[PDB]
Each structure stands twice: as structure tokens, then as C-alpha cells.
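Shown below, as C-alpha cells, is a lone chain in the form solved without ligand SFG; questions about how it binds or moves come after it.
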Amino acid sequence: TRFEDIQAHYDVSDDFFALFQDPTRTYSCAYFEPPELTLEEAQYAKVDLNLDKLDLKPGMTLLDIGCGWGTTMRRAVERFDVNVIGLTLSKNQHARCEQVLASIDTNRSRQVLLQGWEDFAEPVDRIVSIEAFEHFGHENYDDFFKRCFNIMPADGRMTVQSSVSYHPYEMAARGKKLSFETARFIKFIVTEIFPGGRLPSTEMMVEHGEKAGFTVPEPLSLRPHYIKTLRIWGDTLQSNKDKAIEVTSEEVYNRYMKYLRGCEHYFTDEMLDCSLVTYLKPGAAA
């Protein structure tokens, strides 16, 4: 009701995001390995970083939870010769993914579903989830990891890439001034950028996975890559200010410059992180 309306206020057209993102319209941390990659190349490098952890063999089925514009699923079909299932809650992303997957020269099964993981109960081999706020941004971590564990075979693996904060206790350790300042900035992100969202901690991502029965090796920090990503997003949005304002408003432009510049700052000050966590079932190949 009211809340919904107050949140709907912060809905932004896909056309605005196109004015700061790379041509793939990837809205997640890029991977600058090597460091000289373009943003677009680094976004393909991040997809590869995720898929290369999943022990994908031809004829397997990969589930993409929050499949975005279909880039991850397409790369998986092309590189690994796998079937793919994507989950998205965006009608626009659903339509684009169906066309992206239909375009692929393959006999492998390609399916895109307009639903959450809560309503998904089909057997799959491997799972990838890259900064899926619509799926991994509303708690019920115990149900999420239990679902992922139960739909995979004995050798199942999953990657989840997510922005993270620290427990208030850990934040206090690194300055009380900076601790409050960060907590107020997180409140802005979860009010105006990802309304109703909840930023997990790495410790939560690890411990909820372990409780479900997964082996969880040391998470990969993407912090330095997200600083680079947010710098390019900010610099690109600023270079398109007139076009961005015309498509939305000066309010929305200022909101996203605050978000992009702000995240770069709190990432640089090591008050935010980005974790790529691998979840291994007990029977996962060594």
C-alpha cells in the first residue's frame, strides 16, 4: 500500500541505466583482470570468473537466479554447451532474455521464467546468482540455501556474488564517526536505490550456506574491482548529465551520482565489500 507507493516513487526506466552502464547493461561489479580491460570486457571477465568456479560439463542445466539481460546464460551455453534456466521479476528483462537465448545457435534447452526462486523447484546441476537484489535482497537466507541445496545433485555447486556490509560491531571497530556515516549511507541505498532491500554481510552469506550443508571456501573480495566499476559508472553518468535529466529528472540524476560517488567512497574506506562466495555440496568434484 503506502509503502509500495512510496517505493514505486523510486522506480527508474531502463533507459536511464543505459546512460551509465556498458553496452551489455550489466548492473554488477566488473572484473578488471587484466587491469587494462574496458568495462564491457571486464563484465564478460566477471561472468567467466563466476562460471569457471561451477565445474560445468556439457548437457548439465545451469540455473541463473536474477538472469538480468541474459549475458551470463548466453556465455554459459556458448562456452560450456549447457542447458540454462533464468529467473527474473522484470517483464522487460524476461522478453530480452527469451530473444537473446532464441538467437543462440544450439540444440540445448533455454528457458526464462518470470518468478522468484521461492516458486522454483526443478532439478538443476549448478546455480549462479550475480547481485540479484530482487532474489537475494529480502532475507529468508535459510529458505534460499535450503532450496539451492535440495534442487542440485550430489556434485552441485553455486556461486553468489553480492555487495555486503559489516555487522555494527565490526563497523564500530573501524571508527564510530565512520560507523554511523556508513549506516546512514546504507539506509539511503536501501530506501532510494534498492527500496526495501537488505545488504547482507559476508559472515551471513557463509554461515547460512554452511547451515544448509554446503562447504564454503574463503570468499573472494571484489572490492578493488567495484571501486573501478563505480568510478566508470559515475564518470559515464556525469558525461551524459543532460541526456539523463531529459529521460528522468535532475532529482534522479543527483540521486544516482550520490549513489555511485558514495559507494566508490565507502568501498575505498573499506566500510563496504563485494563477496563472490562459492557453495560446494559434499559430493562436489575436488
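Position 1 is the first residue in the sequence shown; the rest follow in order. Residues that one form lacks are left out of the comparison. Take the two forms, find the largest set of C-alpha atoms that superpose within 1.5 Å, and that set is the rigid core.
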Worksheet entry | Higher-B stretch (mean Cα B-factor, as the entry records it), 268-276 or 7-15 | 7-15
Worksheet item: Taking only the CA atoms, which stretch has the higher mean B-factor in the record, 130-138 or 69-77?
Response: 130-138
Worksheet, complete the sentence: From the entry's CA B-factor values, the highest among 241, 53, 223, 46 is 241
Practice prompt. Among 113, 172, 205, 164, single out the one with the highest C-alpha B factor in the record, please.
Written response: 172
Worksheet item: Which third, lowest, middle or highest, does the CA B-factor of residue 189 fall in along this chain?
Response: middle
Worksheet entry | Modelled-residue ranking by C-alpha temperature factor, third containing residue 168 | highest
Fill in: Chain thirds of CA B-factor: placement of residue 29
lowest
Worksheet item: Considering only modelled residues of the same chain, in which third does the CA B-factor of residue 108 rank: lowest, middle or highest?
Response: middle
Worksheet item: residue 91: which third of its chain by C-alpha temperature factor?
Response: highest
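Below, we refer to the form deposited with ligand SFG bound, which is not included among the displayed structures.
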Discussion item. Can you check whether the pocket is open or blocked when ligand SFG is overlaid onto this chain using its placement in the deposited complex? Blocked = 3+ ligand atoms within 2.4 Å of backbone or C-beta.
Written reply: blocked
Worksheet item: So which of 111, 115, 215, 106 reaches within 4.5 angstroms of ligand SFG in the deposited complex, heavy atom to heavy atom?
Response: 115
Worksheet entry | Answer option from 151, 87, 77, 127, heavy atom within 4.5 Å of ligand SFG in the deposited complex | 87
Discussion item. So, residue 234 and ligand SFG: in the deposited complex, are they within 4.5 Å at any heavy atom pair?
Written reply: no
Discussion item. Taking ligand SFG as it sits in the deposited complex, is residue 157 in contact with it (heavy atom to heavy atom, 4.5 Å or less)?
Written reply: no
Discussion item. Taking ligand SFG as it sits in the deposited complex, is residue 26 in contact with it (heavy atom to heavy atom, 4.5 Å or less)?
Written reply: yes
Fill in: in the deposited complex, residue 67 touching ligand SFG (heavy atom, 4.5 Å)
yes
Worksheet item: Pick from 167-175, 128-136, 77-85, 207-215: which stretch has non-hydrogen atoms within 4.5 Å of ligand SFG in the deposited complex?
Response: 128-136
Item to complete: Could you check which of 185, 117, 133, 149 shows a C-alpha shift of 2 Å or more between the shown form and the other one after a rigid core superposition?
Response: 133
Worksheet item: Quick one: residue 134 and residue 277 C-alpha atoms, closer or farther in the deposited complex compared with this form (3 angstroms or more)?
Response: closer
Response to the item:
Assert for residue 134-residue 218 (C-alpha, 3 Å or more) in the deposited complex vs reference form: pair closer
Worksheet, complete the sentence: Displaced runs between the shown form and the other one (core superposition; 3 or more consecutive residues; every C-alpha shifted by 2 Å or more) cover 133-139
